[PDB]
file run.cif (mmCIF, C-alpha atoms)
data_work
#
loop_
_atom_site.group_PDB
_atom_site.id
_atom_site.type_symbol
_atom_site.label_atom_id
_atom_site.label_comp_id
_atom_site.auth_asym_id
_atom_site.auth_seq_id
_atom_site.Cartn_x
_atom_site.Cartn_y
_atom_site.Cartn_z
ATOM 1 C CA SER A 1 18.446 -25.098 -15.931
ATOM 2 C CA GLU A 2 14.668 -25.665 -16.422
ATOM 3 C CA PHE A 3 14.364 -24.329 -19.953
ATOM 4 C CA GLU A 4 10.734 -25.557 -20.318
ATOM 5 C CA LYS A 5 9.662 -23.337 -17.385
ATOM 6 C CA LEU A 6 11.540 -20.267 -18.646
ATOM 7 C CA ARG A 7 10.408 -20.961 -22.251
ATOM 8 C CA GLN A 8 6.718 -21.068 -21.184
ATOM 9 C CA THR A 9 7.088 -17.786 -19.263
ATOM 10 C CA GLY A 10 9.231 -16.272 -22.065
ATOM 11 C CA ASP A 11 6.610 -17.083 -24.751
ATOM 12 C CA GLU A 12 3.920 -15.547 -22.501
ATOM 13 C CA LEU A 13 6.228 -12.520 -21.967
ATOM 14 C CA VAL A 14 7.027 -12.036 -25.689
ATOM 15 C CA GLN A 15 3.314 -12.228 -26.602
ATOM 16 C CA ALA A 16 2.417 -9.759 -23.770
ATOM 17 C CA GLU A 17 5.273 -7.445 -24.867
ATOM 18 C CA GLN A 18 4.123 -7.744 -28.529
ATOM 19 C CA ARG A 19 0.479 -6.797 -27.839
ATOM 20 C CA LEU A 20 1.493 -3.810 -25.686
ATOM 21 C CA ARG A 21 4.290 -2.743 -28.128
ATOM 22 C CA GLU A 22 1.727 -1.987 -30.856
ATOM 23 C CA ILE A 23 -0.052 0.582 -28.623
ATOM 24 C CA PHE A 24 3.083 1.779 -26.736
ATOM 25 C CA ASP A 25 4.712 2.882 -30.047
ATOM 26 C CA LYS A 26 1.964 5.579 -30.334
ATOM 27 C CA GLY A 27 2.896 6.903 -26.878
ATOM 28 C CA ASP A 28 -0.593 5.806 -25.671
ATOM 29 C CA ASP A 29 0.405 6.800 -22.097
ATOM 30 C CA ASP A 30 -3.111 6.273 -20.661
ATOM 31 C CA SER A 31 -3.168 2.758 -22.107
ATOM 32 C CA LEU A 32 0.482 2.167 -20.975
ATOM 33 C CA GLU A 33 -0.611 1.988 -17.309
ATOM 34 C CA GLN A 34 -3.352 -0.561 -18.161
ATOM 35 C CA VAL A 35 -0.936 -3.142 -19.664
ATOM 36 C CA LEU A 36 1.759 -2.386 -17.002
ATOM 37 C CA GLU A 37 -0.575 -3.726 -14.269
ATOM 38 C CA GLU A 38 -1.258 -6.955 -16.256
ATOM 39 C CA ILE A 39 2.445 -7.623 -17.030
ATOM 40 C CA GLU A 40 3.220 -7.177 -13.271
ATOM 41 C CA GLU A 41 1.762 -10.696 -12.728
ATOM 42 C CA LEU A 42 4.164 -12.248 -15.262
ATOM 43 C CA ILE A 43 7.158 -11.063 -13.233
ATOM 44 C CA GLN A 44 5.784 -13.225 -10.350
ATOM 45 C CA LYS A 45 5.970 -16.302 -12.610
ATOM 46 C CA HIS A 46 9.571 -15.658 -13.692
ATOM 47 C CA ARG A 47 10.381 -15.046 -9.950
ATOM 48 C CA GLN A 48 9.419 -18.708 -9.214
ATOM 49 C CA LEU A 49 12.160 -19.689 -11.715
ATOM 50 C CA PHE A 50 14.709 -17.147 -10.474
ATOM 51 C CA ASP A 51 14.414 -18.754 -6.993
ATOM 52 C CA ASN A 52 15.410 -22.130 -8.552
ATOM 53 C CA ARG A 53 18.341 -24.291 -7.233
ATOM 54 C CA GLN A 54 20.993 -21.627 -6.345
ATOM 55 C CA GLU A 55 24.049 -21.452 -4.043
ATOM 56 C CA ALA A 56 22.858 -18.277 -2.197
ATOM 57 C CA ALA A 57 19.606 -16.788 -0.750
ATOM 58 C CA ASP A 58 16.294 -15.888 -2.454
ATOM 59 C CA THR A 59 17.259 -12.190 -2.177
ATOM 60 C CA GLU A 60 18.327 -11.998 -5.840
ATOM 61 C CA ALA A 61 14.954 -13.173 -7.147
ATOM 62 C CA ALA A 62 13.266 -10.986 -4.470
ATOM 63 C CA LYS A 63 15.038 -7.644 -5.215
ATOM 64 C CA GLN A 64 14.428 -8.044 -8.953
ATOM 65 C CA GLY A 65 10.611 -7.750 -8.633
ATOM 66 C CA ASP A 66 10.900 -5.324 -5.672
ATOM 67 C CA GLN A 67 12.540 -2.683 -7.897
ATOM 68 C CA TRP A 68 9.745 -3.214 -10.502
ATOM 69 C CA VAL A 69 6.943 -2.631 -7.943
ATOM 70 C CA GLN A 70 8.836 0.378 -6.480
ATOM 71 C CA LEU A 71 8.955 1.743 -10.045
ATOM 72 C CA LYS A 72 5.184 1.229 -10.534
ATOM 73 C CA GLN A 73 4.499 3.535 -7.544
ATOM 74 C CA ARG A 74 6.575 6.429 -9.015
ATOM 75 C CA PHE A 75 5.109 5.609 -12.455
ATOM 76 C CA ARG A 76 1.444 5.989 -11.399
ATOM 77 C CA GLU A 77 2.437 8.939 -9.189
ATOM 78 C CA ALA A 78 3.818 10.883 -12.174
ATOM 79 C CA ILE A 79 0.500 10.280 -13.995
ATOM 80 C CA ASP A 80 -1.556 11.587 -11.014
ATOM 81 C CA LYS A 81 0.600 14.729 -10.809
ATOM 82 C CA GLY A 82 0.870 15.006 -14.587
ATOM 83 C CA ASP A 83 4.687 15.028 -14.368
ATOM 84 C CA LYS A 84 5.226 14.658 -18.166
ATOM 85 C CA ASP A 85 8.899 15.358 -17.531
ATOM 86 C CA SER A 86 9.107 12.295 -15.293
ATOM 87 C CA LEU A 87 7.304 10.159 -17.923
ATOM 88 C CA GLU A 88 10.498 10.242 -20.069
ATOM 89 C CA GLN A 89 12.535 8.957 -17.114
ATOM 90 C CA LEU A 90 9.787 6.400 -16.268
ATOM 91 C CA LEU A 91 9.388 4.993 -19.847
ATOM 92 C CA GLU A 92 13.098 4.266 -20.227
ATOM 93 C CA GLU A 93 13.339 2.758 -16.743
ATOM 94 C CA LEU A 94 10.284 0.497 -17.382
ATOM 95 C CA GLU A 95 11.839 -0.930 -20.575
ATOM 96 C CA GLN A 96 15.199 -1.163 -18.745
ATOM 97 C CA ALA A 97 13.470 -3.059 -15.893
ATOM 98 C CA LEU A 98 11.598 -5.593 -18.101
ATOM 99 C CA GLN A 99 14.774 -6.274 -20.127
ATOM 100 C CA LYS A 100 16.884 -6.846 -16.964
ATOM 101 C CA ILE A 101 14.870 -10.030 -16.336
ATOM 102 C CA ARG A 102 15.864 -11.376 -19.778
ATOM 103 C CA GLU A 103 19.524 -11.492 -18.707
ATOM 104 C CA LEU A 104 18.568 -13.861 -15.867
ATOM 105 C CA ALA A 105 16.149 -15.750 -18.137
ATOM 106 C CA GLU A 106 18.820 -16.450 -20.839
ATOM 107 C CA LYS A 107 21.845 -16.585 -18.416
ATOM 108 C CA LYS A 108 24.656 -15.901 -20.918
ATOM 109 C CA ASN A 109 27.063 -14.729 -18.156
#

call {"tool": "encode", "arguments": {"input": "run.cif", "output": "structure tokens"}}
result
Amino acid sequence: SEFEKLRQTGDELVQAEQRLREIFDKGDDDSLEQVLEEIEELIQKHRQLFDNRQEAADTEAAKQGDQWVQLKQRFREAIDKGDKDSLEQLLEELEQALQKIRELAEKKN
């Protein structure tokens, strides 16, 4: 397992997560969409590592980011409509989505 590659991306992820966490804690919803678009790029880097030497297709690495982008559409959509109700459901799913990648980054299974 290429730990240097995942470590580089993980350090970049932790620092990104740390800078946004400070603002996110305030429920700075308007600012939340700004950082969400920047972090989206970082998933593409981890994807390159997820599609490393495996015994099956690239589908696993592919579906992981696909769900994240599909979430971004409903996320921005709830802002446009002002669906505050949906923001609760969106916030938890965003943190649940970014953490899902960690499982595959650490691989403790």

call {"tool": "resolve_selection", "arguments": {"input": "run.cif", "expression": "the PyMOL selection byres ((chain A and resi 36) around 12)", "output": "PyMOL selection string"}}
result
chain A and resi 16-17+19-21+24+29-35+37-43+68-69+71-73+75-76+90-91+94-95+97-98

call {"tool": "resolve_selection", "arguments": {"input": "run.cif", "expression": "the PyMOL selection byres ((chain A and resi 61) around 12)", "output": "PyMOL selection string"}}
result
chain A and resi 43-54+56-60+62-68+100-101+104-105

call {"tool": "atom_distance", "arguments": {"input": "run.cif", "atom1": "atom CA of residue A:27", "atom2": "atom CA of residue A:106"}}
result
28.9 Å

call {"tool": "atom_distance", "arguments": {"input": "run.cif", "atom1": "atom CA of residue A:13", "atom2": "atom CA of residue A:86"}}
result
25.9 Å

call {"tool": "closest_residue", "arguments": {"input": "run.cif", "among": "A:28, A:92, A:22, A:2", "to": "residue A:107", "atoms": "all atoms listed in the file"}}
result
A:2

call {"tool": "atom_distance", "arguments": {"input": "run.cif", "atom1": "atom CA of residue A:14", "atom2": "atom CA of residue A:99"}}
result
11.1 Å

call {"tool": "closest_residue", "arguments": {"input": "run.cif", "among": "A:4, A:79, A:70, A:109", "to": "residue A:93", "atoms": "all atoms listed in the file"}}
result
A:70
